[PDB]
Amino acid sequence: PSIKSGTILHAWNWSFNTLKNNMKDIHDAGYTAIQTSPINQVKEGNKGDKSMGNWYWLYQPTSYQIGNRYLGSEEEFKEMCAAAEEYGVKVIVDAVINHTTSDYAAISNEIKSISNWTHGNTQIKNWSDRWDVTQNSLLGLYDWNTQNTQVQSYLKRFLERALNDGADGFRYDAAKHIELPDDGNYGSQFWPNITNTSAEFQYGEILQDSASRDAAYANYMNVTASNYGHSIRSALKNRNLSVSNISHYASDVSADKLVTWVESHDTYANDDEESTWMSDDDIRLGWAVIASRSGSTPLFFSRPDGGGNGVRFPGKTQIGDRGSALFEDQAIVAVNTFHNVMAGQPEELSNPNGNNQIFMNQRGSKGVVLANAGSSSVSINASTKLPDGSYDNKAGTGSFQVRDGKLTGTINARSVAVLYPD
């Protein structure tokens, strides 16, 4: 359909070649698009070691030439895009345009030659201060002088360059740190200008807070429902999927301009290990919830192979390799497919039998998704607009029935179910 209407696979740290080789499986998994990690030239710290723990170097730009030791060359990037188009899957590039590396010496002359190119590296002091948040340095990373139209064309040239290479959209890293046109005496035309390209879909990483200004950003790009991420995760921890907690996106921005997730590479990879505790079953349930929804765009996070249950980096693989096979898990795919065929259809959330451990989403009268966070099997019996018949769970074993407007059958413990007519 369209990137916005489908699901995105976050091929976190997958190399271009790795991505190119899994394009058919990616497509058969049900994703409309994939999101790469930064594709520009970065500081390859720790002598370029590929240990997963070094994942953060991909966020310290040194030059805006395409290519780096972690994901491959620009040539391989173009091949990857091409391979994706053969199966109709779109490519979204993680763009780190708010800052560069903190290592001044590592920064290429290419950018240093741009006079008045940076706001400096004076680390933010007040996270409630929009001026400080957007005009100063994040963690010491030199801040681009985005008001300077010369840096604008330089960065926009990179974006257009990637578009030409096959990229179909962008994910703006630390978008919240680039000022908006209406940010008073320190605002600029950075966003109206750089978002003005042939890109099909673009959203910014906007970690919600008192100074995030979500809705303002929503006028130029889609935005991340980070708070909703906390609700989902929290619901998964307590194994309580009460529709009284997980049906509100916790944002002033409406779902049609929202990019959702169960977790983000940041909540997983950082030393805080905020979402690292979850298991694959937690993910399936979490995915069944957010990806059954309408309007919003789910972003599936491909964890390092073997990672999970508190463990960020097991050591099985390294930067460049593919993540766990969870991205093509029967349960996950079934939901991906659901999401796609249900586009347009409205949604109706609820908890069957008043049991808060059972989640049920009803898309129009075409489909139904069930999630049971509980550890005990449950006999569902509830209202549905599905025509009468015998539906087999596409997410796994089992079957369900609909007799005179009532959905009945069994939803096993810690399981997901996807129902709809062939």
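We number the residues from 1 along the sequence you see.
Comparing 326-334 with 213-221, the stretch with the higher mean C-alpha B-factor in the PDB entry is 213-221. The question of which stretch, 182-190 or 301-309, has the higher mean Cα B factor is settled in favour of 182-190.
Out of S63, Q60, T36, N355, the entry records its largest CA B-factor for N355. Of the candidates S244, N164, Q202, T100, it is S244 whose Cα B-factor is highest according to the PDB record. Among all modelled residues in its chain, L419 ranks in the highest third by Cα B-factor. In this PDB entry, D282 carries a Cα temperature factor that places it within the lowest third of its chain's modelled residues.
In this PDB entry, the Cα temperature factor of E347 sits in the top third of its chain's modelled residues, the highest group. In the deposited entry, the Cα temperature factor of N22 places it in the middle third of its chain's modelled residues. When the modelled residues of the chain are ordered by C-alpha B-factor, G45 sits in the lowest third.
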